[PDB]
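Only one chain is shown below, in structure tokens, and it's the form deposited in one PDB entry.
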């Protein structure tokens, strides 16, 4: 509370992402004055056009206070969250957003799987799992919405985009990817659901899950999908 609100506000409004993040964390611990600065920043930046990590971090930091008035104000002003909930198939992404805004990552993971089957159409909806060719033909827009929500509500630590970047970093070697994202530990495949880490202590890329029971083809088709380069992920 001895921190300088004028200077922290300026740090948030400057263009350095790394300095924005430290300012946001400090401001959120500075009562009405700091929280008011954060609320004004949201008001000036929402709805997003492109995903902006700092804006997601402001929203989620404020939600995570779990204080009545701020929660009420965020829900009234941003009833669908901070990012347009767009779909090439008219799908409803609000339940996914709500789970993510509550930091209920396990529910969000379950919803994401249901939505991908819905997106793939009647065959996938009935069998409740995907073929790699269905993934290849997903519309980019829906994948962008889904990924943006995961990324914005996890400080950039979750999302298929995050997994893709780690997969590229590993030379596209899936056997190196699994330990990096916590899906295998040496010889031990992480058991679903109890072995997974349903919070932000999880490794980067841990969520959303892609079951490996039917092999890696779905994951590879997802990571190679044109959406990522199209939207700058």
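Only residues modelled in both forms are compared. Whichever C-alpha set is largest while still superposing within 1.5 Å between the two forms counts as the rigid core. Numbering follows the first chain given and starts at 1.
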(message) Quick test of your reading: does residue 213 have no coordinates in a third or more of the other entries compared?
(response) no
(message) Quick check on residue 9: across the other compared entries (only those modelling residues on both sides), is it unmodelled in a third or more?
(response) no
(request) May I ask you to compare 104-112 and 127-135 by their mean CA B factor in the entry and name the higher one? (result) 127-135
(request) Using only the Cα atoms and their B-factors as the entry lists them, report which of 95-103 and 114-122 averages higher. (result) 114-122
(request) Could you tell me which one of 62, 207, 37, 200 shows the highest CA temperature factor in the PDB record? (result) 200
(request) Would you mind checking which of 163, 77, 145, 154 has the top Cα temperature factor in the PDB entry? (result) 77
(request) Within this chain's modelled residues, let me know which third the CA B factor of residue 179 belongs to: lowest, middle or highest. (result) highest
(request) Could you say whether, by C-alpha temperature factor, residue 56 belongs to the lowest, middle or highest third of its chain? (result) lowest
(request) Determine, from the deposited record, the chain-internal third of the Cα B-factor for residue 12: lowest, middle or highest. (result) middle
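Another form exists, deposited in another entry; not displayed. Remarks below refer to it.
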(message) Does residue 190 shift between this form and the one not shown by 2 angstroms or more at the C-alpha, the core having been superposed?
(response) yes
(request) Once the core is aligned, please say if the CA of residue 126 is shifted by at least 2 angstroms between this form and the one not shown. (result) yes
(message) Quick one: with a 3 Å or larger change, is the residue 167 to residue 190 CA distance smaller or larger in the other entry? Answer closer or farther.
(response) farther
(request) Answer with closer or farther for the CA-CA spacing of residue 165 and residue 191 in the other entry compared to the shown form; it moves by 3 Å or more. (result) farther
(message) Give the residue ranges, in sequence order, where three or more consecutive C-alphas each shift by 2 Å or more between this form and the one not shown after rigid core alignment.
(response) 1-3, 125-129, 185-194
